[PDB]
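This report concerns only the one structure given below.
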Protein chains: 6
Amino acid sequence: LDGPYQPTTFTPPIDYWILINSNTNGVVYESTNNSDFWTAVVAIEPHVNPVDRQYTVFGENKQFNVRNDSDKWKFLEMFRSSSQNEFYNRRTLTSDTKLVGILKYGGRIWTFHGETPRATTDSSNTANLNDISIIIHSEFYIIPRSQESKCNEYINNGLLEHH
Amino acid sequence: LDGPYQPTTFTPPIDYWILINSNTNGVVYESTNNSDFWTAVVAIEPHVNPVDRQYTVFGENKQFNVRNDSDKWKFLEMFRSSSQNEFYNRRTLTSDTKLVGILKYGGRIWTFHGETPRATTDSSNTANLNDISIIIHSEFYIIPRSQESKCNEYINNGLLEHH
Amino acid sequence: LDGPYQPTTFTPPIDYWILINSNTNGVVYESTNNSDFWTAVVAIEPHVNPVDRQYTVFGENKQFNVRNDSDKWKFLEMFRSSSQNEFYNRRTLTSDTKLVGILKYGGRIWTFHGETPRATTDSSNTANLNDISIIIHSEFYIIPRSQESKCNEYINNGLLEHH
Amino acid sequence: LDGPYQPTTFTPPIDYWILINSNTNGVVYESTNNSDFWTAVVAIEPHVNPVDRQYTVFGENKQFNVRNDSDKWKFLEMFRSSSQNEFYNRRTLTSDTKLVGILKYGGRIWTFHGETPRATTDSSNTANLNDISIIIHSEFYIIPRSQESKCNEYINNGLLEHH
Amino acid sequence: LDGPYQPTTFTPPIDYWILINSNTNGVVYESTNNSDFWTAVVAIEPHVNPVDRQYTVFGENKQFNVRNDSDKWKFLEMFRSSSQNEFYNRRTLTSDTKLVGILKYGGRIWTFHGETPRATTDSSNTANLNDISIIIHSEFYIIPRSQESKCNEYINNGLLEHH
Amino acid sequence: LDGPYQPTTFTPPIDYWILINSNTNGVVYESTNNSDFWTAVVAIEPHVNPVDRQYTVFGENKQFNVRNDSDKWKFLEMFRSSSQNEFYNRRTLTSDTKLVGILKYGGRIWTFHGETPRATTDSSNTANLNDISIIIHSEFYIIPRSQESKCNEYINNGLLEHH
Ligand code: NA
Ligand code: NA
Ligand code: NA
Ligand code: NA
Ligand code: NA
Ligand code: NA
């Protein structure tokens, strides 16, 4: 397991899973290529009634209507396809492991969505995969896509050394 | 909030809470003055039947019989008063926040025990408080004892920026 | 306030102010996209008569005729629009706070110029804003453009927690 | 020049100057052996009328009456010889370089006091020099006492690579 | 000498030598622009008979037939010009200093090859030099190309402060 | 394997091997308790005729007559039992792996001496083992004494992931 690495801003390499360990109910990461892909993940603690919360994403101050009816944490993918388009909750990962993953591969961005321990992967298209950089607000790990089933196991069951 | 700080080994200052954010089911920290105080905390994931697990603590390979009948994580304080005495589970913090705290103050070591969100503080005596250093295996924070009620709130309810 | 961060080389995100705290009379930062924008800032201590000083900028050894008739520090923006064009002092920030700022936004690079506490912002055009990376030689901070008035206050009056 | 090093807590080695570069008007460092020596340095920006400001020092919340009638920064050594004794401004370094130095040597703690560029060294006695650790709140450097005249030059004239 | 810097992933600036100090017989670095340039260097310890070893490069699991008949270490440049083309050992640096260098300059990637202390530089062409980033698995240094003869001296004779 | 860790100054925990990877012909580490134990290791490159070289050790400027008639590196333990006693070459580790080890255990300091791949351990006595801190000038690792045979294998054969 490569990591843990402290919060930083960098352009992740293609074909590597970025496994982020969220530690608070704020902005988990900000990922964009500044042309056609903007994704910021906000973490919602369990049992949150519909509320407007303010988040700083991509240098802007945005308001999101968020909620969480579950016992688990919810990580909301806020997406827009242009700097002028409005953010919307495109995907959600409901998790008690607090692990979030993002991968650049095959001209697409891959993340985990659904509910642990049965979260699965999905893709978003982009015309500029190379320029996708990320601002990671928490500790994170780097896993080669050749070991994705290990990343899948971490996303759904958490980081465990003992069985 | 002072932090987060990456895992390290140092002698913590007196009158400051060390708030450690555990991220796996291994050794959370190792604290000793090498004279009359040894404490290592091991993290047990939820729903673990009685099992013998091996841990490396203070350079030695030790076997502990651990269990967890709860939905929450259990952080087991393994204590001995001399390098020849046997470790025993002195205290336990049952938590879903995965936050562990240790403080050097008033000639004593203070930690949090019980079950969140109602965990409380306890003390252990020592004749050498100054030589107590720690090996921290996870991200951690530093909180002055003047802000202990904030540390108490984090231990019991987790790190939250939004309300 | 995001920081402080140790000296590093990275591609700063768009819409964030990079606030750099200079600590010596050398190269403060080097910023280029390798196509049409090169800016290196050199710091001149107070009361420097006209003198030729040598600086390593973008891997090259360059000589600049610098001076400072003021009681304050002078941060000289040395700019060229191509790797073959000659550097020239395009802008100057005269400051006693030793804080320098650079922002990528709206297809332009923004910096602070003038004299504290009345320094203002200016822009430089570029056809490739995304590829602008920076080599920062000192501690620096990251401020969202939504909080630029706070960055303006720091540039002109320094970092103050107490009023 | 050894450094710069990011803020940390450690036990400095004997016979080395710790040269700290203050960056705000807060607590610069906290140094104690927990037996007979407590020193915390607070930084006062220029032109401050007599005012009560609150500082967190050694985990406690203390109020200090501070002032600065000068154009330069003032670094106030707040000292007490026991955890029950009251802090008092024992020494002051008036500086425009914002560099502060502390040295453990010959059974004593040495710092710089006076006004730059003519600041000189002074000593404080202690019965336990080995247990003196420090919480450094800013970037700092390490200089062997064999090169103290270089540390003296930095304290009084600042860090300069060019002449 | 700029460094040492801990292992990281970043886009190196043009006109700077990246001098990497290998510390094990694994992947030294991975460099690609994701369009027409892939180079991963694997380190072979002395006296290795022809053997198939597995390496994780660019997130993929690859098998390389490697050997080393020499008393010195061999650093094998495994290159491909497209994600579908097969890796092949394009160049080799036989060294007892364990120092490896890569430079982006003049639209080309430059490395050191041959046998120390007479290793020389070579170039590889690319249509996208700006997007070449690197995953460095060991401590590394940064040297301006204006001081390449110093980098040459390090590559061939090692890092020496004393003569 | 715990590490690598960047150069730092700290008090190593008892019962852990500190495995230091030397990268130049200078001071490898400085270890003392300031009462009865001083050890600084200097690295001598291969084929050095008898020469006086200057080293900064424990803040003092000292001259050592060093030599190396071997093809391998020599790491010289310069020891004194008091701040007034003269340094002398107490032990030497002749190595082509450039790995140096120091351990605090059983009231003694343990290091590796001899010639790789047959270097063995030795002990030095001290009345104050707890106050022994170290200034490490290179990357280093931490190995529990329960895994000393692994540390022995690294000291004598180097860090190898592949067989
Ligand atoms: Na979709
Ligand atoms: Na008890
Ligand atoms: Na202009
Ligand atoms: Na006095
Ligand atoms: Na060729
Ligand atoms: Na002996």
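Ligands are numbered from 1 in the order shown, chains are lettered A, B, ... in the order of the structure tokens, and residues start at 1 in each chain.
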Protein and nucleic acid residues within 7 Å of ligand 3 (only C-alpha atoms and all ligand atoms) as an NGL selection string:
:C and (90 or 123-124)
Just-selected residues, N, CA and C atoms written as an mmCIF file, in the first residue's frame:
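Written file, again37.cif:
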data_model
loop_
_atom_site.group_PDB
_atom_site.id
_atom_site.type_symbol
_atom_site.label_atom_id
_atom_site.label_comp_id
_atom_site.auth_asym_id
_atom_site.auth_seq_id
_atom_site.Cartn_x
_atom_site.Cartn_y
_atom_site.Cartn_z
ATOM 1 N N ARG C 90 9.308 43.905 -15.421
ATOM 2 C CA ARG C 90 7.983 44.314 -15.872
ATOM 3 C C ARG C 90 7.207 45.024 -14.769
ATOM 4 N N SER C 123 -2.822 42.279 -14.319
ATOM 5 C CA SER C 123 -2.980 41.050 -15.080
ATOM 6 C C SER C 123 -1.973 40.981 -16.220
ATOM 7 N N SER C 124 -1.603 39.751 -16.570
ATOM 8 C CA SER C 124 -0.817 39.453 -17.756
ATOM 9 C C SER C 124 -1.547 38.383 -18.554
#
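For residue 34 in chain D, the residues within 12 Å (counting only C-alpha atoms, excluding itself and residues fewer than 6 positions away along the chain) are residues 13, 14, 15, 104, 105, 106, 107, 128, 129, 130 and 131 of chain B; 58, 80, 81, 82, 83, 84, 126, 127, 128, 129, 130, 131, 132, 133 and 134 of chain D.
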Keeping N, CA and C atoms for every residue in the selection just given, could you write it to a file as a PDB file, in the first residue's frame?
ATOM      1  N   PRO B  13       4.712  17.519  24.549  1.00  0.00           N
ATOM      2  CA  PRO B  13       4.818  18.506  25.621  1.00  0.00           C
ATOM      3  C   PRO B  13       3.745  18.286  26.675  1.00  0.00           C
ATOM      4  N   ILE B  14       4.078  18.662  27.908  1.00  0.00           N
ATOM      5  CA  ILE B  14       3.105  18.613  28.989  1.00  0.00           C
ATOM      6  C   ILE B  14       2.013  19.646  28.731  1.00  0.00           C
ATOM      7  N   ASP B  15       0.792  19.324  29.173  1.00  0.00           N
ATOM      8  CA  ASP B  15      -0.383  20.193  29.127  1.00  0.00           C
ATOM      9  C   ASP B  15      -0.980  20.323  27.733  1.00  0.00           C
ATOM     10  N   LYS B 104      -0.370  14.421  28.979  1.00  0.00           N
ATOM     11  CA  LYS B 104       0.555  14.447  30.106  1.00  0.00           C
ATOM     12  C   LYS B 104       0.308  15.723  30.902  1.00  0.00           C
ATOM     13  N   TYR B 105      -0.139  15.574  32.149  1.00  0.00           N
ATOM     14  CA  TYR B 105      -0.457  16.730  32.977  1.00  0.00           C
ATOM     15  C   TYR B 105      -0.508  16.319  34.441  1.00  0.00           C
ATOM     16  N   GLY B 106      -0.013  17.201  35.306  1.00  0.00           N
ATOM     17  CA  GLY B 106      -0.103  16.996  36.746  1.00  0.00           C
ATOM     18  C   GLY B 106       0.527  15.712  37.235  1.00  0.00           C
ATOM     19  N   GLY B 107       1.648  15.311  36.636  1.00  0.00           N
ATOM     20  CA  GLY B 107       2.311  14.086  37.034  1.00  0.00           C
ATOM     21  C   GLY B 107       1.601  12.814  36.633  1.00  0.00           C
ATOM     22  N   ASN B 128       7.928   9.405  36.516  1.00  0.00           N
ATOM     23  CA  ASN B 128       8.709  10.109  35.497  1.00  0.00           C
ATOM     24  C   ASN B 128       7.766  10.490  34.357  1.00  0.00           C
ATOM     25  N   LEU B 129       7.122  11.651  34.483  1.00  0.00           N
ATOM     26  CA  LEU B 129       6.240  12.126  33.424  1.00  0.00           C
ATOM     27  C   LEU B 129       7.017  12.757  32.276  1.00  0.00           C
ATOM     28  N   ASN B 130       8.189  13.329  32.562  1.00  0.00           N
ATOM     29  CA  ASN B 130       8.924  14.079  31.548  1.00  0.00           C
ATOM     30  C   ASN B 130       9.468  13.180  30.445  1.00  0.00           C
ATOM     31  N   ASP B 131       9.837  11.944  30.773  1.00  0.00           N
ATOM     32  CA  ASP B 131      10.461  11.040  29.816  1.00  0.00           C
ATOM     33  C   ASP B 131       9.453  10.224  29.015  1.00  0.00           C
TER      34      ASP B 131
ATOM     35  N   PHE D  58       2.173  26.831  26.679  1.00  0.00           N
ATOM     36  CA  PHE D  58       2.282  25.624  27.498  1.00  0.00           C
ATOM     37  C   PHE D  58       0.906  25.080  27.872  1.00  0.00           C
ATOM     38  N   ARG D  80       9.090  32.211  33.404  1.00  0.00           N
ATOM     39  CA  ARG D  80       8.787  31.854  34.781  1.00  0.00           C
ATOM     40  C   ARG D  80       9.697  30.697  35.170  1.00  0.00           C
ATOM     41  N   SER D  81      10.038  30.627  36.455  1.00  0.00           N
ATOM     42  CA  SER D  81      10.944  29.604  36.960  1.00  0.00           C
ATOM     43  C   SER D  81      10.215  28.411  37.560  1.00  0.00           C
ATOM     44  N   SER D  82       8.887  28.437  37.579  1.00  0.00           N
ATOM     45  CA  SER D  82       8.095  27.325  38.081  1.00  0.00           C
ATOM     46  C   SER D  82       6.703  27.436  37.479  1.00  0.00           C
ATOM     47  N   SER D  83       6.007  26.299  37.421  1.00  0.00           N
ATOM     48  CA  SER D  83       4.667  26.294  36.841  1.00  0.00           C
ATOM     49  C   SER D  83       3.691  27.146  37.640  1.00  0.00           C
ATOM     50  N   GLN D  84       4.012  27.461  38.896  1.00  0.00           N
ATOM     51  CA  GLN D  84       3.159  28.307  39.715  1.00  0.00           C
ATOM     52  C   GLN D  84       3.567  29.775  39.700  1.00  0.00           C
ATOM     53  N   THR D 126      19.945  26.921  34.492  1.00  0.00           N
ATOM     54  CA  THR D 126      19.021  25.818  34.703  1.00  0.00           C
ATOM     55  C   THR D 126      19.782  24.649  35.309  1.00  0.00           C
ATOM     56  N   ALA D 127      19.087  23.882  36.146  1.00  0.00           N
ATOM     57  CA  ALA D 127      19.650  22.662  36.706  1.00  0.00           C
ATOM     58  C   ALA D 127      19.396  21.442  35.832  1.00  0.00           C
ATOM     59  N   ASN D 128      18.527  21.556  34.826  1.00  0.00           N
ATOM     60  CA  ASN D 128      18.222  20.462  33.902  1.00  0.00           C
ATOM     61  C   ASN D 128      18.232  21.025  32.482  1.00  0.00           C
ATOM     62  N   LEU D 129      19.412  21.049  31.861  1.00  0.00           N
ATOM     63  CA  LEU D 129      19.515  21.521  30.485  1.00  0.00           C
ATOM     64  C   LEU D 129      19.086  20.455  29.485  1.00  0.00           C
ATOM     65  N   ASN D 130      19.250  19.177  29.834  1.00  0.00           N
ATOM     66  CA  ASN D 130      18.999  18.101  28.879  1.00  0.00           C
ATOM     67  C   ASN D 130      17.522  17.968  28.533  1.00  0.00           C
ATOM     68  N   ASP D 131      16.631  18.253  29.481  1.00  0.00           N
ATOM     69  CA  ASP D 131      15.201  18.063  29.285  1.00  0.00           C
ATOM     70  C   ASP D 131      14.512  19.274  28.667  1.00  0.00           C
ATOM     71  N   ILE D 132      15.271  20.266  28.211  1.00  0.00           N
ATOM     72  CA  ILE D 132      14.684  21.458  27.607  1.00  0.00           C
ATOM     73  C   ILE D 132      14.279  21.118  26.177  1.00  0.00           C
ATOM     74  N   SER D 133      12.976  21.038  25.932  1.00  0.00           N
ATOM     75  CA  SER D 133      12.425  20.866  24.597  1.00  0.00           C
ATOM     76  C   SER D 133      11.705  22.143  24.178  1.00  0.00           C
ATOM     77  N   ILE D 134      11.295  22.188  22.915  1.00  0.00           N
ATOM     78  CA  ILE D 134      10.763  23.413  22.333  1.00  0.00           C
ATOM     79  C   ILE D 134       9.620  23.078  21.387  1.00  0.00           C
TER      80      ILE D 134
END
Would you work out the distance separating CA of residue 51 in chain B from CA of residue 1 in chain F, expressed in Å to one decimal?
25.7 Å
Please provide chain F as a short mmCIF file (atom, residue, chain, number, x, y, z; two decimals) with C-alpha atoms, in the first residue's frame, once it has been superposed on chain A by least squares across all sequentially paired Cα atoms.
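Result written to part-v5.cif:
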data_model
loop_
_atom_site.label_atom_id
_atom_site.label_comp_id
_atom_site.auth_asym_id
_atom_site.auth_seq_id
_atom_site.Cartn_x
_atom_site.Cartn_y
_atom_site.Cartn_z
CA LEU F 1 0.00 0.00 0.00
CA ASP F 2 1.51 3.30 -1.19
CA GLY F 3 0.93 5.93 1.48
CA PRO F 4 -0.35 7.56 3.50
CA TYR F 5 0.37 10.92 1.86
CA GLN F 6 -0.52 14.26 3.43
CA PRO F 7 -2.98 16.63 1.69
CA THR F 8 -1.52 18.15 -1.47
CA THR F 9 -2.28 19.43 -4.96
CA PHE F 10 -0.89 17.51 -7.93
CA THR F 11 -1.73 15.94 -11.28
CA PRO F 12 -2.35 12.25 -10.54
CA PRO F 13 -0.75 9.74 -12.91
CA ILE F 14 -2.93 7.76 -15.29
CA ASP F 15 -3.71 4.14 -14.34
CA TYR F 16 -3.45 4.65 -10.56
CA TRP F 17 -6.28 4.66 -8.02
CA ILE F 18 -6.24 7.61 -5.61
CA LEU F 19 -7.76 6.30 -2.36
CA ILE F 20 -8.66 9.21 -0.06
CA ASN F 21 -9.43 8.75 3.65
CA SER F 22 -11.91 11.46 4.63
CA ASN F 23 -11.65 12.81 8.18
CA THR F 24 -14.31 15.54 8.43
CA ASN F 25 -17.60 16.72 6.92
CA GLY F 26 -16.04 19.15 4.47
CA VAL F 27 -14.59 19.18 0.96
CA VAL F 28 -12.86 15.84 0.39
CA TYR F 29 -11.19 16.67 -2.93
CA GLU F 30 -11.45 19.04 -5.90
CA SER F 31 -10.70 17.63 -9.35
CA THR F 32 -10.81 19.50 -12.65
CA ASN F 33 -9.07 19.88 -15.99
CA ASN F 34 -10.45 23.45 -16.35
CA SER F 35 -12.08 22.56 -19.70
CA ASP F 36 -14.91 20.02 -19.40
CA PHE F 37 -14.70 18.28 -16.00
CA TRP F 38 -15.28 19.63 -12.48
CA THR F 39 -15.91 17.30 -9.54
CA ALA F 40 -15.80 18.20 -5.86
CA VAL F 41 -16.77 15.67 -3.19
CA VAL F 42 -18.34 16.91 0.05
CA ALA F 43 -18.74 14.60 3.05
CA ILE F 44 -22.05 14.49 4.94
CA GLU F 45 -22.08 13.03 8.44
CA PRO F 46 -24.87 10.58 9.36
CA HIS F 47 -28.40 11.81 10.11
CA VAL F 48 -28.45 15.26 8.51
CA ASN F 49 -31.81 16.81 7.68
CA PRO F 50 -32.06 18.84 4.44
CA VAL F 51 -29.85 21.88 5.01
CA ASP F 52 -27.96 24.47 2.97
CA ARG F 53 -24.23 24.34 3.73
CA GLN F 54 -21.52 26.53 2.26
CA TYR F 55 -18.39 25.04 0.70
CA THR F 56 -15.31 26.54 -0.93
CA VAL F 57 -14.78 24.62 -4.18
CA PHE F 58 -12.39 25.67 -6.98
CA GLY F 59 -11.84 29.01 -5.25
CA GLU F 60 -15.56 29.84 -5.32
CA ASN F 61 -18.08 29.99 -2.51
CA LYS F 62 -20.98 27.66 -3.31
CA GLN F 63 -24.13 26.62 -1.44
CA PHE F 64 -25.35 23.01 -1.62
CA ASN F 65 -28.59 21.52 -0.31
CA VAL F 66 -27.39 18.33 1.38
CA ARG F 67 -28.99 15.60 3.47
CA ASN F 68 -28.20 12.16 4.88
CA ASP F 69 -30.95 9.84 6.14
CA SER F 70 -28.51 6.97 6.73
CA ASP F 71 -26.36 5.65 9.56
CA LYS F 72 -23.36 5.86 7.21
CA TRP F 73 -21.44 8.77 5.75
CA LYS F 74 -22.45 10.13 2.35
CA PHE F 75 -19.85 11.48 -0.08
CA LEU F 76 -21.56 13.67 -2.67
CA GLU F 77 -19.98 14.13 -6.10
CA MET F 78 -20.81 17.70 -7.15
CA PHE F 79 -20.22 17.91 -10.90
CA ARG F 80 -20.34 20.51 -13.64
CA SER F 81 -19.15 20.27 -17.25
CA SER F 82 -18.18 23.94 -17.57
CA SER F 83 -17.19 26.80 -15.29
CA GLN F 84 -20.56 28.43 -16.08
CA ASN F 85 -22.75 25.34 -15.59
CA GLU F 86 -24.36 24.76 -12.20
CA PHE F 87 -23.11 22.06 -9.86
CA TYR F 88 -25.39 19.10 -9.26
CA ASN F 89 -25.10 15.96 -7.15
CA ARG F 90 -24.13 13.52 -9.90
CA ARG F 91 -23.24 10.52 -7.72
CA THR F 92 -23.14 9.45 -4.08
CA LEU F 93 -21.03 6.94 -2.16
CA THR F 94 -22.68 5.83 1.09
CA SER F 95 -19.91 4.42 3.26
CA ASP F 96 -18.90 3.60 6.81
CA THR F 97 -15.24 3.22 5.77
CA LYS F 98 -14.89 6.90 4.73
CA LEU F 99 -12.71 5.83 1.79
CA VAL F 100 -13.15 7.59 -1.56
CA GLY F 101 -11.48 6.65 -4.83
CA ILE F 102 -10.80 8.38 -8.14
CA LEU F 103 -8.96 6.95 -11.16
CA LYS F 104 -7.84 8.35 -14.51
CA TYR F 105 -7.83 5.59 -17.13
CA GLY F 106 -8.91 4.97 -20.71
CA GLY F 107 -9.87 8.59 -21.37
CA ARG F 108 -12.29 8.58 -18.43
CA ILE F 109 -12.49 9.39 -14.73
CA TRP F 110 -13.56 6.45 -12.55
CA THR F 111 -14.98 6.70 -9.03
CA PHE F 112 -16.81 4.45 -6.57
CA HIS F 113 -20.53 4.91 -5.94
CA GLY F 114 -23.35 3.06 -4.22
CA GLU F 115 -23.34 1.75 -0.65
CA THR F 116 -20.62 -0.21 1.10
CA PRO F 117 -19.82 -3.05 1.17
CA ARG F 118 -21.29 -3.30 -2.35
CA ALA F 119 -20.02 -0.08 -3.93
CA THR F 120 -19.11 -0.33 -7.61
CA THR F 121 -17.23 1.75 -10.18
CA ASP F 122 -18.56 4.21 -12.75
CA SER F 123 -17.05 6.41 -15.45
CA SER F 124 -17.27 10.01 -16.63
CA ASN F 125 -16.07 11.09 -20.05
CA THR F 126 -13.59 13.87 -20.81
CA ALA F 127 -11.77 15.19 -23.86
CA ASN F 128 -8.72 16.18 -21.75
CA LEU F 129 -7.76 13.44 -19.29
CA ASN F 130 -4.11 14.52 -19.02
CA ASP F 131 -4.85 17.94 -17.49
CA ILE F 132 -7.01 16.55 -14.67
CA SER F 133 -5.37 17.60 -11.40
CA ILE F 134 -6.69 17.29 -7.86
CA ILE F 135 -6.67 19.17 -4.56
CA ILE F 136 -6.82 16.45 -1.89
CA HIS F 137 -7.92 17.69 1.54
CA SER F 138 -7.14 14.49 3.50
CA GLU F 139 -4.68 11.63 3.75
CA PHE F 140 -4.67 9.48 0.63
CA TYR F 141 -3.11 6.39 -0.91
CA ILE F 142 -2.01 5.37 -4.41
CA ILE F 143 -2.92 1.95 -5.81
CA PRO F 144 -2.06 0.67 -9.30
CA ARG F 145 -5.06 -0.35 -11.37
CA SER F 146 -3.46 -3.80 -11.58
CA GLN F 147 -4.46 -4.05 -7.90
CA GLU F 148 -7.94 -2.54 -8.24
CA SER F 149 -9.62 -5.49 -6.50
CA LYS F 150 -7.53 -4.50 -3.47
CA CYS F 151 -8.76 -0.91 -3.84
CA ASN F 152 -12.31 -2.26 -4.19
CA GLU F 153 -11.82 -4.24 -0.98
CA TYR F 154 -10.59 -1.13 0.85
CA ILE F 155 -13.43 1.08 -0.43
CA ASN F 156 -16.06 -1.42 0.73
CA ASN F 157 -14.48 -2.89 3.88
CA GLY F 158 -11.84 -0.37 5.00
CA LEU F 159 -8.10 -0.60 5.57
CA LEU F 160 -7.42 -3.77 7.57
CA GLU F 161 -4.05 -5.38 8.20
CA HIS F 162 -5.47 -8.07 10.49
CA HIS F 163 -8.21 -10.31 9.12
#
Determine which residues of range 63-158 of chain E receive a DSSP assignment of strand (DSSP E or B), computed from the backbone, and state them as a VMD selection string.
chain E and resid 63 to 68 73 to 80 88 to 95 99 to 105 108 to 115 120 to 125 133 to 136 140 to 144
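Residues of chain B carrying a DSSP assignment of alpha helix (DSSP H), computed from the backbone, are residues 148, 149, 150, 151, 152, 153, 154, 155, 156 and 157 of chain B.
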